[PDB]
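Trainee: If you scroll down you'll find the structure; I have some questions about it.
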Amino acid sequence: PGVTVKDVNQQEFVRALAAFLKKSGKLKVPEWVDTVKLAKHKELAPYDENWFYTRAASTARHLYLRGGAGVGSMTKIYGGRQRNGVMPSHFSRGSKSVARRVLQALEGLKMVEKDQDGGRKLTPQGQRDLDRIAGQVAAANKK
Amino acid sequence: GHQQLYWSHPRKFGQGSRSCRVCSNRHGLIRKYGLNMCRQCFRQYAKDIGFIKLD
Amino acid sequence: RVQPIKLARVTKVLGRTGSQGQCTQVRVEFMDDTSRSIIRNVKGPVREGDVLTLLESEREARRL
Amino acid sequence: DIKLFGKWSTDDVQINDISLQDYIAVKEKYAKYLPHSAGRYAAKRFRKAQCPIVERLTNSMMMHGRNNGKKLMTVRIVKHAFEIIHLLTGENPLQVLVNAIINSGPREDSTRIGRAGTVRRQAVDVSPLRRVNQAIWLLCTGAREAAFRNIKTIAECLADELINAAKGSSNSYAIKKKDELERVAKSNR
Amino acid sequence: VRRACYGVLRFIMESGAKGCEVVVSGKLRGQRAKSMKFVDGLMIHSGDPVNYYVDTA
Amino acid sequence: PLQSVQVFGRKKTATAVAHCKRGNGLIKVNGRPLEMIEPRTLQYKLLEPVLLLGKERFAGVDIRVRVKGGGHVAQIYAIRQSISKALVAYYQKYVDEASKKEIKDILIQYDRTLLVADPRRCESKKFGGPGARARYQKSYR
Amino acid sequence: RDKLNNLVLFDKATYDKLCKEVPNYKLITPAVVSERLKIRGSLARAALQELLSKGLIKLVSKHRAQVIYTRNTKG
Amino acid sequence: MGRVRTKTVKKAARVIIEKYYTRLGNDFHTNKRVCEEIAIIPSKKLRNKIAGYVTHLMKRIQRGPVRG
Amino acid sequence: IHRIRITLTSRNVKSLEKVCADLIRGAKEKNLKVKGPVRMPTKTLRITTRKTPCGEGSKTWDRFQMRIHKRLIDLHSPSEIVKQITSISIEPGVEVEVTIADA
Amino acid sequence: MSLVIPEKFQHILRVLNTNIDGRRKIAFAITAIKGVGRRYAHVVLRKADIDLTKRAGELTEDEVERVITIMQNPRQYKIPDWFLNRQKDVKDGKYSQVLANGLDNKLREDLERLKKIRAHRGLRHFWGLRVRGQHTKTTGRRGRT
RNA sequence: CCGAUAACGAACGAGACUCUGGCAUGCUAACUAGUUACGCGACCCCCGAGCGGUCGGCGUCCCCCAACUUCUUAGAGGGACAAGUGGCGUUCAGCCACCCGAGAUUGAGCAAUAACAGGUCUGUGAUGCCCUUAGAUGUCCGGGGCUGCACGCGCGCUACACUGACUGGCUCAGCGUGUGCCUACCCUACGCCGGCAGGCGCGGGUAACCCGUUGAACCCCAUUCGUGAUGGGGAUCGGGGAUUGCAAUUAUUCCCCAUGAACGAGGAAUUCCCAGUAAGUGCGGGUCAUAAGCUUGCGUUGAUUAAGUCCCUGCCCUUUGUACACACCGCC
Ligand SMILES: [Mg+2]
Ligand SMILES: [Mg+2]
Ligand SMILES: [Mg+2]
Ligand SMILES: [Mg+2]
Ligand SMILES: [Mg+2]
Ligand SMILES: [Mg+2]
Ligand SMILES: [Mg+2]
Ligand SMILES: [Mg+2]
Ligand SMILES: [Mg+2]
Ligand SMILES: [Mg+2]
Ligand SMILES: [Mg+2]
Ligand SMILES: [Mg+2]
Ligand SMILES: [Mg+2]
Ligand SMILES: [Mg+2]
Ligand SMILES: [Mg+2]
Ligand SMILES: [Mg+2]
Ligand SMILES: [Mg+2]
Ligand SMILES: [Mg+2]
Ligand SMILES: [Mg+2]
Ligand SMILES: [Mg+2]
Ligand SMILES: [Mg+2]
Ligand SMILES: [Mg+2]
Ligand SMILES: [Mg+2]
Ligand SMILES: [Mg+2]
Ligand SMILES: [Mg+2]
Ligand SMILES: [Mg+2]
Ligand SMILES: [Mg+2]
Ligand SMILES: [Mg+2]
Ligand SMILES: [Mg+2]
Ligand SMILES: [Zn+2]
């Protein structure tokens, strides 16, 4: 009888943390979240009116596992194939000032924190919120 | 001469300012690890530098 | 009209025939008259001791 | 006992033809949960015969170069196609698959040396492994060509290939090119 | 060329060598080049032992 | 408190070293449980030794596996012989050999790869073509 | 086979045909009912899931590449 | 297949049989150790490939008079 | 008494395993607390060349490589008695480099 | 998944000078308009408050007119300046999104601009050749005999 | 190889050897690699749980305030030899099956004689003769060309889609390079500004130390799409924004918004390939101020078929025929 975020479904866990940050309307959403494309190795800015909450959810959840990740490490996680038209594809890294505006959006929500080394970790205020709703996901997976 | 335009074109970057240390040639050069030799003059001194063709 | 499909076990494999070496020779029995035996030529991998599936029979073979 | 894919038992299926009982590979000993295994069945001749027939079906479905190493994509394709067989018929698909290997492997083929105006020359018997090699090959080609630009998904065209092949209709791609081989072999017997 | 390269060859072998092979190539007399080699005794050619049994020049 | 062996298993690069203490039925990989592991079409290949041996064999141990290297599919197989050599090696040191011999003859008679690894790594690439054996197209004229 | 071009937001002669005879037979898939009547392709992913609001359709697989449905339980 | 021995293995084992027959037997792992005691073999793969042929001759010259 | 680190780099291992074993028993005889020879991963240097002086041929490449072996010994010794331990085994393929303790 | 069908389900539309398809989804129907692509249509339907699951035969003309009103002059509705087609017009200085035969004009007005100036890029439009530094030795044998 | 034997004793090549892949819970050792223990510090169920669960959070070289070496690294040895068993064989050399085992043929490196008018004088201060030497074919500077296009051919890349594109989420690698005598040009963490390419600050790394636990792609999970030259395909083309540089036009590369061409799986031909192989899929290295549709390496997912043959294309040995020896592209 725990539980934490490790022993639940990681993909469903995000859909719940994105909804948890939705109704608690203190997450500062920037003013260009509906016209930005999200990391130039892909076209067509996403099929979601509020994709910023799912990106802020997974980023927060990614900081719970490997701490100390800055803005360059979060561009590495959310990168993929850039199909170069007629040339072969390549891994090209993600977008810088959409991962920074996520990590700055949680500095005001008191979930992330600058470190002695670089990057950001979860404050003890922060993983209190992730581990609590992890019990909410596992309570629904028995039903 | 004269001094202002005898060698005035800048021999910075580019294979016009990289020469083989043995034969002073500018084609087919190996600059990896600071060899700075041509690809044929490397094969003369391949063992004398100490590279071994193992496989 | 057609002859019933008669099965047949295979004795010794007798080498490879056919221009490109695709077909063997198998010298089958019939499992009904086991005293009776006819050499034939299958294609594909054989493994002496298996069971074939012959249609019509009284065919041919040329001994290699 | 083992319930392949978690839900399909295997100690009830019957092989029709006495010939193919050592090359069709569903029964008691080597019946696994999944059709994915680090095989090592290519290192020796006839080692691929004790390879289970559901493993062999997934290995021949990932073939046109577009999708050539994608095995975990064709694990679920055979998984979905078995649930369609269950709904279309109401029977264990391990039974339906082994009734399709019987009714699609040719019993006669043709090849030898000289002239070939249409196919080949001499009527040649078929060993009971090539007709397991080729029966899987015909069912994986009828599934692939039916769904090449059709609305139908690949697990539908895999099910509708061998629901219609295990029945025997000459309305599937497999029996259409199983009786095409033995008709032309009956021609130049 | 011939008279000299004999004297080198039977100087190598008399100095305790196990085998020798001296190859002289180029414009030997005339215009077309040919090659005179002078193998005698024992000469390994392949493997790792042609790294420390045979010294070349 | 020292009843704890740690063995490993590999598949093409990926070593996965288990660890079984003396405990109560716990089994998990990198913190994630045995069922919440990756791509899940290969799930019956990773909880495979737990099924046909049983739960009472795993009832006394605490399997904990850490996995590095490899890919997604050659990680399911690394754990597959990691959690199943950890039960074999635990039963030769702390219970009798007759109980190990009757579960080794389960894990060998059904998929021998559960206790021995495949020696196939990867062949080297040559200067003839794009890969190990394959060669570049040749134009005669 | 020349052209298909048919159906979007069902006409009433097929929607009344939808809600009666499609929960009757065995294999229900958005690819087999699209070719069946005339429903384009998307409708069948959208129509067959709101028949799980009415409950005349039992779910089987629910995968991202194929959603297999069936007739409702009779016995 | 393809493991026919050469004559750096065969004629270097007939010297071992003719000179050291009392110190040997029909056991590979012992004659592998006798052969490196009585011979300077420069490599390990040539070592136990001679001794694999030494044991083939001693299940052989305990039946008839093979050379010898 | 310091905590010094000797580093031994070479291109052949059989000429380095003799020098590195000389420094171990050379300081076990002089009763020092010696952490053992720690072996770094080797560094292969793999220049590959076209092998032809011209461009004509059947495209046969030429794989040269040179491994570099690096081993390090950590001592518990003052600055004086290590100098006669250091200066007794040169063996020119080995480049003995002694670092400083505090750093 | 509608009730049955919209009663005023309009079968095609007619917007600027093109007849967009009514059966397409609205973010991909209006890409038949030249000057409006897949990236520009998805942002002018976020400036309008309409959902995108509707097709092009369900937008009422109180909503169709605003879709034309956004795309005709996008810069006054906070669509950012890096997103347009004709930014810094070579004859106006005005960032503008051409979306009509004015796109076909601007294309043609700049080709004959470079020919009237007689620059090197304009001569390779008057001649049926490649402009962007391509090699013509072994490429372009379809548009010419 | 065994044998045969007017031959006897040898030699190179083949093999051995070298490197590499697989195996060692045995050895040597590891604050520039760790692993378990244990101590604190966070969270989660709690009524309070607990030798509870999670943690790449912290610490055990300011002298113990803990030991070890499975995983990692690389040293020294072992290990596999047709050895054991059965079958066929002159019961010879050997072959096939089988047991036990990590493995019962892992891949390459080196490589003989005799040749060739094979390629290279544009690799060389390797070089013969010849040519040219001040209005120079020396050398430098500025501009242009090597890339120009009715067409033919060769190696490739991307495609023709639903076994897919799209969007979001999830989740694993291995080789390897990195501040340069001249020589200017290094890999880059983190913080902030910008939509993006990028910019400005502050560091670490001459490297198992920092980039880096190399959060690689395909794959996987969910949504949208729906057989339509379509949300397949991204050629052509306009406008704009940056970076490298002394200089970007004949577009260096990159980013953005538009333009949306053939192409529906390919005629006669023909090329590679049999196991971690083909193929898919990305990442390094070389070139590099700027840069990979090339090549050289690396992992990753991972098959179909075959364990044969001399039919085609050739090769090796023997007998035989020859008017061939410039040797059948012969001679006539
Ligand atoms: Mg990614
Ligand atoms: Mg289809
Ligand atoms: Mg030799
Ligand atoms: Mg050799
Ligand atoms: Mg490859
Ligand atoms: Mg510490
Ligand atoms: Mg200490
Ligand atoms: Mg170890
Ligand atoms: Mg010539
Ligand atoms: Mg030359
Ligand atoms: Mg000259
Ligand atoms: Mg050169
Ligand atoms: Mg010039
Ligand atoms: Mg050129
Ligand atoms: Mg070529
Ligand atoms: Mg596209
Ligand atoms: Mg690594
Ligand atoms: Mg289109
Ligand atoms: Mg210029
Ligand atoms: Mg260029
Ligand atoms: Mg575009
Ligand atoms: Mg590059
Ligand atoms: Mg090139
Ligand atoms: Mg062969
Ligand atoms: Mg032939
Ligand atoms: Mg010839
Ligand atoms: Mg005659
Ligand atoms: Mg003659
Ligand atoms: Mg004539
Ligand atoms: Zn040179």
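Note that the protein sequences, when read in sequence, are chains A, B, C, D, E, F, G, H, I and J. Numbering-wise, the first sequence is residues 2 to 144 according to the UniProt record's numbering. Numbering-wise, the second sequence is residues 2 to 56 according to the UniProt record's numbering. Numbering-wise, the third sequence is residues 5 to 68 according to the UniProt record's numbering. Numbering-wise, the fourth sequence is residues 16 to 204 according to the UniProt record's numbering. Numbering-wise, the fifth sequence is residues 115 to 171 according to the UniProt record's numbering. Numbering-wise, the sixth sequence is residues 6 to 146 according to the UniProt record's numbering. Numbering-wise, the seventh sequence is residues 41 to 115 according to the UniProt record's numbering. Numbering-wise, the eighth sequence is residues 1 to 68 according to the UniProt record's numbering. Numbering-wise, the ninth sequence is residues 17 to 119 according to the UniProt record's numbering. Numbering-wise, the tenth sequence is residues 1 to 145 according to the UniProt record's numbering. C-beta atoms are modelled at their ideal positions from N, C-alpha and C, and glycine is treated no differently.
By DSSP's criteria, D/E123 is part of a beta bridge. Which residues make up the other side?
Mentor: D/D140
Trainee: Among residues of its own chain, excluding the 5 on either side of C/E62, which ones have a beta-carbon nearer than 7 Å to its beta-carbon?
Mentor: Excluding residues within five positions, none has a Cβ falling inside 7 Å.
Trainee: Can you name the start and end residues of the beta strand (DSSP E) that I/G52 belongs to?
Mentor: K51 to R55
Trainee: Using alpha carbons as the reference points, say which of E/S139, E/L142, E/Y167 and E/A131 lies closest to E/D154.
Mentor: E/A131
Trainee: Is there at least one Cβ from chain J nearer than 8 Å to A/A40's Cβ?
Mentor: no
Trainee: With a threshold of 7 Å on Cβ separation, who are the neighbours of B/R27 within its own chain once the five nearest residues in sequence on each side are excluded?
Mentor: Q16, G17, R19 and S20
Trainee: Could you name the residues of the same chain whose beta carbon sits closer than 7 Å to that of A/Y65, not counting the 5 residues immediately before and after it, in chain order?
Mentor: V6, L123, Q128 and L131
Trainee: Quick check on DSSP: helix, strand or coil for C/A12?
Mentor: strand
Trainee: Return the Cβ separation of residue 12 of chain D and D/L177 in integer angstroms, given the expectation that the two are a contact with Cβ distance under 8 Å.
Mentor: Beyond the ends of chain D as shown, which are 16 and 204, falls residue 12 of chain D; an answer cannot be given.
Trainee: Taking 6 Å as the limit, name every residue whose beta carbon sits nearer than that to some heavy atom of ligand 30, in sequence order.
Mentor: B/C21, B/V23, B/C24, B/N26, B/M38, B/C39, B/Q41 and B/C42
Trainee: Using a C-beta to C-beta distance shorter than 9 Å, which residues of chain I count as neighbours of B/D49?
Mentor: Per Cβ cutoff of 9 Å: no residues; B/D49 is ~12 Å from chain I at best.
Trainee: Does chain J have any CB closer than 8 Å to the CB of A/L28?
Mentor: Not closer than 8 Å to any Cβ of chain J, the Cβ of A/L28 fails to qualify, so no.
Trainee: Quick check on DSSP: helix, strand or coil for B/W8?
Mentor: Secondary structure of B/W8 (DSSP, three-state): coil.
Trainee: Please report the residue range of the alpha helix (DSSP H) in which J/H125 lies.
Mentor: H120 to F126
Trainee: Identify the contact partners of residue 155 of chain J in chain A, using a Cβ-Cβ distance below 8 Å as the criterion.
Mentor: Outside the displayed span of chain J (1 to 145) sits residue 155 of chain J, for which this structure offers no information.
Trainee: Using only alpha-carbon positions, find the residue among D/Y38, D/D27, D/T25 and D/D16 that is nearest to D/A150.
Mentor: D/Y38
Trainee: How many angstroms separate the CA atom of D/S202 from the CA atom of C/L56?
Mentor: 21 Å
Trainee: Out of curiosity, what's the CA-to-CA distance linking E/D169 and F/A122?
Mentor: 46 Å
Trainee: So for A/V15, helix, strand or coil by DSSP?
Mentor: helix
Trainee: Could you check if I/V54 is buried or exposed, using at least 16 other CB atoms within 10 Å of its CB as the buried criterion?
Mentor: exposed
Trainee: So, with DSSP's three-state summary, where would you put I/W77?
Mentor: DSSP places I/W77 in coil when its eight states are reduced to three.
Trainee: Check the Cβ-Cβ distances between B/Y34 and every residue of chain I, and say whether any is below 8 Å.
Mentor: The C-beta of B/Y34 comes closer than 8 Å to at least one C-beta of chain I.
Trainee: Count the C-beta pairs between the segment 79-97 of chain I and the segment 30-41 of chain I that are closer than 8 Å, then say yes if the count reaches three, no if not.
Mentor: Yes, since at least three Cβ pairs between the segment 79-97 of chain I and the segment 30-41 of chain I fall closer than 8 Å, the two stretches touch.
Trainee: Going by other Cβ atoms of all chains shown within 10 Å of its Cβ, with 16 needed for buried, is D/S142 buried or exposed?
Mentor: buried
Trainee: Between A/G81, A/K97, A/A46 and A/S98, which has its C-alpha nearest residue 1 of chain A's C-alpha?
Mentor: No information on residue 1 of chain A is available, as it lies outside the stretch 2 to 144 that chain A covers here.
Trainee: Would you call the CB atoms of C/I42 and C/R67 closer than 8 Å?
Mentor: no
Trainee: For B/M38, list the residues DSSP reports as bridge partners.
Mentor: B/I31
Trainee: Skipping 5 residues on each side, what residues in its chain have a beta carbon closer than 6 Å to that of J/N19?
Mentor: These residues qualify, in order along the chain: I12.
Trainee: When DSSP builds the beta bridges, which residues end up paired with I/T102?
Mentor: Paired residues: none, contrary to the question.
Trainee: What does C/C27 pair with, by DSSP beta-bridge criteria?
Mentor: C/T21 and C/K47
Trainee: Classify F/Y99 as helix, strand or coil using the three-state DSSP reduction.
Mentor: coil
Trainee: So that I know if they touch, is there some Cβ in chain F lying closer than 8 Å to that of D/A64?
Mentor: Chain F contact via Cβ: absent.
Trainee: With 16 other CB atoms within 10 Å as the buried threshold, where does J/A56 fall?
Mentor: That one is buried.
Trainee: Tell me whether I/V112 sits in a helix, a strand or coil according to DSSP, three-state version.
Mentor: The answer is strand: DSSP assigns I/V112 an E or B state.
Trainee: Could you tell me whether the segment 98-110 of chain J touches the segment 31-38 of chain J, where touching means 3 or more Cβ pairs closer than 8 Å?
Mentor: yes
Trainee: Measuring only the C-alpha atoms, how far is H/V9 from E/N165?
Mentor: 24 Å
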